[PDB]
Amino acid sequence: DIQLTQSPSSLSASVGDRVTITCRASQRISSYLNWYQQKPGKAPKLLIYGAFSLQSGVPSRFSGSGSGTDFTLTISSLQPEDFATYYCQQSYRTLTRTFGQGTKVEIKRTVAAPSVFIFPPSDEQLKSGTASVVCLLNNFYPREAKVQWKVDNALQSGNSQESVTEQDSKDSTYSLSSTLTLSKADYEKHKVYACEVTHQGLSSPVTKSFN
Amino acid sequence: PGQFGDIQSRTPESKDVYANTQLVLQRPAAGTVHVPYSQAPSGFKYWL
Amino acid sequence: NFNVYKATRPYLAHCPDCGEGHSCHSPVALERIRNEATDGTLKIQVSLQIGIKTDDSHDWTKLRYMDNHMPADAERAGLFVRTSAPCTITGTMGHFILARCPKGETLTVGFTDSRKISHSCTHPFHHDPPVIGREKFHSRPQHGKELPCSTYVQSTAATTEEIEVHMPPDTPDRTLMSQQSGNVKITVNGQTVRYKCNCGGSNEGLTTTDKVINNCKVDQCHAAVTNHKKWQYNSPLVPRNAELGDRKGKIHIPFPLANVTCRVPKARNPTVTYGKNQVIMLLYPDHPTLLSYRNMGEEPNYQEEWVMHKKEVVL
Amino acid sequence: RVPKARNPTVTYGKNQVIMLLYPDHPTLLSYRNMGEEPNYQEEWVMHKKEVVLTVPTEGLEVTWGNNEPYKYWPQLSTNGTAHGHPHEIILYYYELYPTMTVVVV
Amino acid sequence: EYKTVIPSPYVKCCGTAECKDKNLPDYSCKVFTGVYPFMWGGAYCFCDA
Amino acid sequence: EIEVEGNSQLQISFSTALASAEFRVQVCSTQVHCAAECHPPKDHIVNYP
Amino acid sequence: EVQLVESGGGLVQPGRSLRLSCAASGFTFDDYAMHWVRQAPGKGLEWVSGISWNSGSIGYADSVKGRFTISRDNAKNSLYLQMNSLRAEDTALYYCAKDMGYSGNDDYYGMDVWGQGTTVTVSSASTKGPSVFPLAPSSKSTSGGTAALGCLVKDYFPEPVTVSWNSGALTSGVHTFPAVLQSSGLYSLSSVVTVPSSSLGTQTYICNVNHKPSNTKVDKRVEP
């Protein structure tokens, strides 16, 4: 069992920028490494095979490279159409092909703080025996936002879920949804609810709350 | 093989071709990469 | 045209006789000799690319050939073909040479290098064109009869027959590695090198820059160039790098076969005298001539013979 | 370095081996009996030729050009058959042992 | 007149190459072992087994 | 040699010039008479004695 | 013209089997080896199984080694995968892909042709329809910050829930989120729109929830 290692998350680049993605094995697998390109909602496509040969129909912008045991995929000039998640693969000369985790490419933008809105549980939810407090962060650029829930001025965890949208096609921003789940019986035991948001676009952490 | 009619087709344009040339592949030697073989010469050339 | 060769390269291949009586790898190695034409014209396929420069421009006075790891130019005027005697070249394009050679058992091709070094390759080949008509002649006459024959033409396009070109295999080179005080240099020189070996340092991989292994000996490790931009003909003398070749392209073969008419001589009139139910004739051939006759009846009693000298024949 | 002649096309008859030779250049063909009297014979072949050799009981060894030698031995094959009708039996033994057959009968 | 076609040979330095049959007019395929091929710049195959 | 166990049968091969095979086979001191008609070969020539 | 067409999939209970297949077109099926690859939501590509030409060699991923069987029908130009004893962990999109040769022992090749993966979901749950709740704007405190109003769709089993506003009339300033699987086995998603606070008392906003699997449509009015 030999695993592949790639960039830990994603790269940020603008159009015309040089983008380099690398992939290495913890142990020698093969003499060659393949590259694939995938976009959301679509099946993956072969980009490079044999670590050198470009697949037919693929733009010359893409080329193979490497150093030592590290295989490299290079995009000479990033285009709007080149924003995709790229994967590395090696066969080990058997049917059991091994895939990497993949590296995503995000659109470069300036840093901006999230707009935070808090939505108290509805009457219909409380009548259903449940409660849900929703904290929404709109139009922020950095994806690594930190959001915590507080009830009666105390932190809670393990009782909430988070969802993050894809980068906007026009503003190149992200939206985040954090939901705190409570039972009706426990919801009514508290008087103050708050959402604590920490972000790189903020000069200081911002907290929004309701009774 | 070695005789008239060693290679046959019904029409000049046909993709349906019969051939009997006794083509046998041989082992390479002396570190070379060539592919040696034994095959009867065309019976057409002999006939002509 | 030559646009099809823009992405192609010259290549080296093994030659059974490099002119010294010894075999070697050679830039002028032959791939095949074709003799479909009946007019005696030969069509020779070689690793050399004629009319194409290393800058991919079109120049009929130049040829390009492989030199180690780079393409190089040479004068087309230095190109020659020989059998039992010097052969006349009727035209060239890419990997194909058209020529009219004298009879012989061997055929060779070669050219002069950029360093003024001669290169040649010799292969066995039986060259002995078929007889057209009933007379054996060595040259076309001033006057004679005309008979059908096959030749090659100068057409350079739309021949419909194509040769596959593929990305070349790794190219080994012992000159890439050298030993500098207990370490191995690698010396890439502009071309990506793959290296690996059974060494305790376990140092293997690809490089684009000089890489010093620092533990093993030059006599312990292997290296080759793997990054290639141009494709070459998938010759039987070049190893395949995969079960199925990649970066596939196609080059059409110039000089298609065509139907033409050849001129043949007519033997001079015999001296004829007559006896009783007998015809006596004196034959005066300059070159071997076929004589044959038949009875114009139920039993033709066909007979024939070749005559290579003055002879008295009684029928 | 020397060349090796193409493998010949070979067919068989009764105590007979027929070979078709396809040389590019002149080659030497020779053969001997493997019995007491080798009856050595040889010829040069400069073109496509059909060669018919007779195989003795002891076996025949044939060498062409620079190729390794071939060895052949006869089997007790017949067009007639053992058992059955008396005339089928005589033919069977005649074809295998014609000399003796004529003497015993 | 027939033409004989021989595609570039495939070399597997560290393993056995496999064979697939074809429906061509006259086809043959064979795998040879113990090969140690050389090129102009030196030995081609690293593995000697 | 052959192996014997319990109640079973053994299979052996033989070669003879006889048109009619009539012979005895000796196993471990228990001889058995065996005979059958033999057929001629289809081939005329072989490369072995 | 070269393509692979996936067939089969759908909802199956844990411990039950499901059959998947793919039709080949535009290429010779007998000239290439075939592989199955799956991709779970939020995950990269995972190789599942593969079959060589003429079934010369069969491979499986360790996680399915004793549960999945692969086969091919050359006469029908089709590929089959038999999945037994399916588990929740097997939920993923399943794709067919074509190799670049007849053998899987060639490491110079990748997968050049991919089809359109199908969805296989393994869960002990019924196709429960969604509950819809309004998320009223905090107009009392956010009036100078622009108003944000939305709705919540909760406790539904099937994945493909579509939410829109004002019957598609409102497309600008609209943000929707991917559904999140709950420990209950059910999914939930939220939707929010940003509007001028002065319009809250003049414009009515409707959250339109469309759930195809249950033939259910819910129109929820959202107000301060």
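In what follows, the structure referred to is the one given above.
Engineer: Summarise unusual backbone geometry; cite the residues concerned and give the values.
Structural biologist: Phi is mostly negative for residues that are not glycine, and the peptide bonds are mostly trans. Residue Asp-152 of chain A is not a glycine yet carries a positive backbone phi of 55 degrees. Relative to the elements of secondary structure, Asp-152 of chain A occurs in the loop between strand 14 (146-151) and strand 15 (155-156). For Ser-29 of chain F, which is not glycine, the phi dihedral falls at a positive 60 degrees. Locating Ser-29 of chain F in the fold gives a position in the loop between strand 1 (20-26) and strand 2 (31-37).

Engineer: I'd like a description of the sheet that holds strand 18 (residues 205-211) of chain G, backed by residues and values.
Structural biologist: Residue and element names in this part refer to chain G. Here three strands make up an open sheet; going across it, the order is 14-18-19 and the pairing antiparallel. Two strands close off the open sheet at either side, each with one partner strand: strand 14 (161-165) and strand 19 (216-222). Going from strand to strand, the sheet's axes swing by 20 degrees on average, the running direction of each strand aside. As judged from the five bridges shared by strand 14 and strand 18, these two strands associate in the antiparallel manner. Opposite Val-161, over in strand 18, you have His-211 as the bridge partner.

Engineer: How would you summarise the sheet that holds strand 3 (residues 18-25) of chain G if you had to cite specific residues and measurements?
Structural biologist: Residues and elements named next belong to chain G. In space, the four strands of this open sheet follow the order 1-3-8-7, with antiparallel pairing throughout. The open sheet has two free edges, formed respectively by strand 1 (3-7) and strand 7 (68-73), since each of these has just one partner strand. The mean inter-strand angle of the sheet, taken between neighbouring strand axes irrespective of direction, is 20 degrees. Both strand 1 and strand 3 contribute to a ladder of five bridges, which runs antiparallel. Bridging across to strand 3, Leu-4 finds its partner in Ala-24.

Engineer: Report on the arrangement of the chains, specifying residues and quantitative values.
Structural biologist: Taken together, the ten pairs of chains in contact show their highest number of contacts between chains A and G. With respect to C-alpha atoms, chain B approaches chain F no nearer than 20 Å, and the pair has no contact. Separated throughout, chain D and chain G approach each other most closely at a C-alpha pair spaced 33 Å apart.

Engineer: How would you summarise the state of the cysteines if you had to cite specific residues and measurements?
Structural biologist: With the rule as written, the count across this model stands at 13 disulfides over all chains. The partner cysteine of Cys-135 of chain A in its disulfide is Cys-195 of chain A, sulfur to sulfur 2.1 Å. Between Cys-135 of chain A and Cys-195 of chain A the sulfur-sulfur dihedral comes to about -80 degrees; the bridge is accordingly left-handed. With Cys-135 of chain A in strand 13 (residues 130-140) and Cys-195 of chain A in strand 18 (residues 193-198), this pair connects stretches of sequence that are 60 residues apart. The same class applies to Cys-135 of chain A as to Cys-195 of chain A, namely buried. Across a sulfur-sulfur distance of 2.0 Å, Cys-87 of chain C and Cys-101 of chain C are joined as a disulfide pair. Every disulfide takes its handedness from the sign of the S-S torsion; for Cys-87 of chain C and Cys-101 of chain C that torsion is -90 degrees, giving left-handed. In this pair, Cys-87 of chain C sits in the loop between strand 7 (80-82) and strand 8 (88-100) while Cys-101 of chain C sits in the loop between strand 8 and strand 9 (104-112), placing the two residues 14 residues apart along the sequence. For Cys-87 of chain C, a relative accessible area of 12% corresponds to the buried category.

Engineer: Describe the packing of aromatic side chains, naming the residues involved and giving the relevant values.
Structural biologist: In total, this model carries 21 aromatic pairs over all chains according to the counting rule given. On the basis of an interplanar angle of 70 degrees and a centroid distance of 6.3 Å, the ring pair of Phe-27 of chain G and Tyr-32 of chain G is categorised as edge-to-face. Judged by relative accessible area, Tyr-32 of chain G falls into the partly exposed class, the value being 22%. Look at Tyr-95 of chain G and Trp-114 of chain G: their rings are 6.5 Å apart centre to centre, the planes differ by 70 degrees, and that puts the pair in the edge-to-face class. Of this pair, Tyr-95 of chain G sits in strand 9 (residues 92-98) while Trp-114 of chain G sits in strand 10 (residues 113-114), and the two are 19 residues apart along the sequence. Look at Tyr-95 of chain G and you get buried, because its relative accessible area is 5%. Each member of the aromatic cluster is reached from another via a ring pair, and the members are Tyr-32 and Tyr-49 of chain A together with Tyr-108 and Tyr-109 of chain G. Residue placement shows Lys-43 of chain C over the ring face of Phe-96 of chain C; its charged tip is 5.6 Å from the ring centre. Above the face of the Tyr-46 of chain B ring, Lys-48 of chain D is positioned so that its terminal group lies 5.3 Å from the ring centre.

Reading guide: rules and limits
- Residues numbered from 1 in each chain as written, not as in the entry; some residues may be left out.
- Chains lettered and ligands numbered in written order.
- Part of a larger assembly, values for the part shown.
- Heavy atoms only, no water.
- Helix = DSSP H or I, 4+ residues; strand = E, 2+ residues; numbered from the N terminus.
- Pairing = 2+ DSSP bridges.
- Axes fitted to C-alpha atoms, helices over the stretch in contact; angles between N-to-C directions.
- Contact = heavy atoms within 4.5 Å.
- Disulfide = S-S within 2.5 Å.
- Buried < 20%, exposed > 50% of the residue type's maximum accessible area, 1.4 Å probe, protein only.
- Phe/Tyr/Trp six-rings, centres within 6.5 Å; stacked < 30°, edge-to-face > 60°.
- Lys NZ or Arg CZ within 6 Å of the ring centre and 35° of its normal.

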